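Q: so I pulled this structure from the PDB, and the sequence comes with it:
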Amino acid sequence: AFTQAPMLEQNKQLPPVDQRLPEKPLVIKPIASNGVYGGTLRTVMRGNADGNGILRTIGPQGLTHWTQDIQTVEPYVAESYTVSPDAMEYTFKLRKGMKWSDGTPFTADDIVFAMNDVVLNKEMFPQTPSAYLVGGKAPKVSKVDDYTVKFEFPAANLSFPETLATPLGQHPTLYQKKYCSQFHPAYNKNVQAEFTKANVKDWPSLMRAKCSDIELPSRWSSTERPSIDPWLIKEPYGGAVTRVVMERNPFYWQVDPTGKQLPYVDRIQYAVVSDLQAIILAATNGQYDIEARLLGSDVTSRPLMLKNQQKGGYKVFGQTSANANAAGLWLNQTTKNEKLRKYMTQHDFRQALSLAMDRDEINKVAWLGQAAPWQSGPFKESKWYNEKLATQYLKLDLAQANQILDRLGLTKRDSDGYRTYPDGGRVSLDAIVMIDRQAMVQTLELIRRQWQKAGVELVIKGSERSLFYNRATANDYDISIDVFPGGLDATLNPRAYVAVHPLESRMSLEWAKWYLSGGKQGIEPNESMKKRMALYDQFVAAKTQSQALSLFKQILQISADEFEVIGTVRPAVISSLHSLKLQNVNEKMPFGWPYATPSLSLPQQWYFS
């Protein structure tokens, strides 16, 4: 029934293609055209700790997969799934006859092993990955038959199919029972014997070294770890290698609509390059068939990328980042500065700071005019769009900023012209920033000059990553600048709207610590934030789509009313490229880690014309 790549037909030692495929392979409809076999995809990683560059090239092979427009998911590794009307139980049907890369059967036993003996095993994971929890509670995972697996959660868990389409939700398909059980004491009663050979103290360390985890280097550094990936490691991603090579999985489990077993492309070759400038040089000379991850953020490179398209033989395409803001101001409402805190906690003070900002200037200078003014809210293309959350207080209005600050009682000036607190002291805010993030540093320098005209002093505290994070978790900052997620991914990454992320909800990480500790640690949030946290717990456990929509829209509305975080610009278009010869790249796909882009575009159906 099916056909195969010439390089596999060249291999007389493989089983027949019909026996390498499942009985019912997943049929992949191409982005643009039915493809032809062959070729080597040339791409690039920066340094030797860039393993997600492989994952975002080949794609997580999860139980479900995002649609191209990322509005929902469809069965992927699973042939089909069902959900109970209370949304607590998900049952997945697997593809009979599907095989791992080593030709052995892929069955419910593998999913149940991955969940019950790895993911939910507390020696392996003392903290269970949140992808498999609802309100912090784990499901019961059970084998129904050789090709059916059931997940039973203790509360409704409507987001689970979406979670299973993200890179962090792929554990269910990551662990082959046969191979991995060798390193597990419930199966290998002599496993302690493997420890010294592998230089490990315990079996979780052995399991991580041999069988790995979503983002561990060990995922890509061995050639013997079985997978269901479209290409397989052949020259591995060691810590000092200069190139990685992957080759088609002869047991890949998908066909195109003509019955060709995928992928079309035979091999992927990754250059490992230490200097981002050398990557830009190579890319703008056409040496990569795809680069849609590393170059797109450096707006300084777009002019040369565009100019050299004809010379290099490539096409630039623009992608919309999922992030709502490229460099947003997180205002710390639990700042230890008691005089400042009296104003930081006032909505109108935060409003005044936003009105004193000139986002057109920030865009022109920091982003070469390629971004656009924006606050924190989802984009119009998102079902979560809230006009107020997106666009309030965006236009420069220095007169109104000063009117508000006068009304708040900050009229007395010091000898330098700055406003002072009633009790004395310059109105001054410390902003922490990671020094190597140049556009963010430049953004803060611009805001510093702009806020001077409102009589407010911004003190830039740039540092390397460790001190930047240590300052945040120590509650030692007034402002922190970093991205606002939520343009497209608001429910996946809600950190700007409700203080649930322990490192990044920097309207107050002490508030987040209170939320995550059941109120025993951290600092009790204000009523509007406690209300959102309660709504968020209700949302995660919502029993119907309509209830979930209502609850999360309410969170976004309260966030808009409170105006806790101040956006500068939504990201410029992400400049990506592919060779003109490379077909079936979805140039309309969004950009983002939750969709593992560019692999969202189904690289197994890219092909060379």
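A: Yep, that arrived. Numbers count the residues shown, from 1 in each chain.
Q: who does the strand ranked longest in the chain pair up with?
A: Secondary structure assigned by DSSP state E gives strand 323-331 as the longest strand of the chain. Using DSSP bridges, the strands paired with strand 323-331 are strand 479-485 (antiparallel), strand 565-566 (antiparallel).
Q: and these: which comes nearest residue 590?
A: When the strands paired with strand 323-331 are compared by Cβ to Cβ, strand 479-485 sits nearest residue 590, at 12.5 Å. Quick note: C-beta positions are derived from backbone N, CA and C, even for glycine.
Q: who touches the closest one?
A: Around strand 479-485, the neighbours that count as contacts under Cβ atoms under 8 Å, 6 or more residues apart in numbering are 322-332, 376, 429-434, 440, 443-444, 458, 468, 472, 492-496, 504, 506, 565, 567.
Q: buried subset of those as a ChimeraX selection?
A: Buried residues among those (16 or more other Cβ atoms under 10 Å), as a ChimeraX selection:
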select :322,323,324,325,326,327,328,329,330,331,332,376,429,430,431,432,433,434,440,443,444,458,468,472,492,493,494,495,496,504,506,565,567
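Q: residue 300 is in contact with residue 439, correct?
A: No. Judged on Cβ atoms under 8 Å, residue 439 makes no contact with residue 300 at a distance of 9.2 Å.
Q: and the two? Which one has more around it.
A: For residue 439 versus residue 300, neighbours defined as other Cβ atoms under 10 Å are more numerous around residue 439 (22 against 12).
Q: residues contacting the more buried one?
A: Here residue 439 is in contact with 299, 326, 327, 366, 367 (Cβ under 8 Å, 6+ apart).
Q: strands of the stretch 101-250 of the chain, residue ranges please.
A: 140-145, 148-152, 231-235, 243-248 (DSSP state E, counting those that start in this stretch).
Q: which one of the ones you listed lies nearest to residue 534?
A: Counting by Cβ to Cβ, residue 534 lies closest to strand 148-152 out of the strands of the stretch 101-250 of the chain; the figure is 25.5 Å.
Q: neighbours around residue 261, how many?
A: 26.
Q: I'd like to know how far it sits from residue 322.
A: Separation of residue 261 from residue 322 (Cβ to Cβ, to the nearest Å) stands at 32 Å.
Q: can you pull the buried residues of stretch 251-271?
A: Of the residues in stretch 251-271, 251-256, 260-271 count as buried by neighbour count, 16+ other Cβ under 10 Å.
Q: what is the end-to-end distance of it?
A: Stretch 251-271 has its terminal residues 26 Å apart, counting by Cα to Cα, to the nearest Å.
Q: next one: that stretch to chain centre, how far?
A: Relative to its parent chain, stretch 251-271 has a centroid offset of 25 Å by Cα atoms, centre = their mean, to the nearest Å.
Q: residue 548 and residue 542, how far apart?
A: 4 Å.
Q: which neighbours do these two have in common?
A: Shared contacts of residue 548 and residue 542, counting by Cβ under 8 Å, 6+ apart, come down to residue 158.
Q: beta partners for the nearest residue to residue 115 once chain neighbours are set aside?
A: Nearest residue to residue 115, sequence neighbours excluded (Cβ to Cβ, 6 or more residues apart in numbering): residue 141, at 4.1 Å. Beta-bridge partners recorded for residue 141 (DSSP bridges): residue 151.
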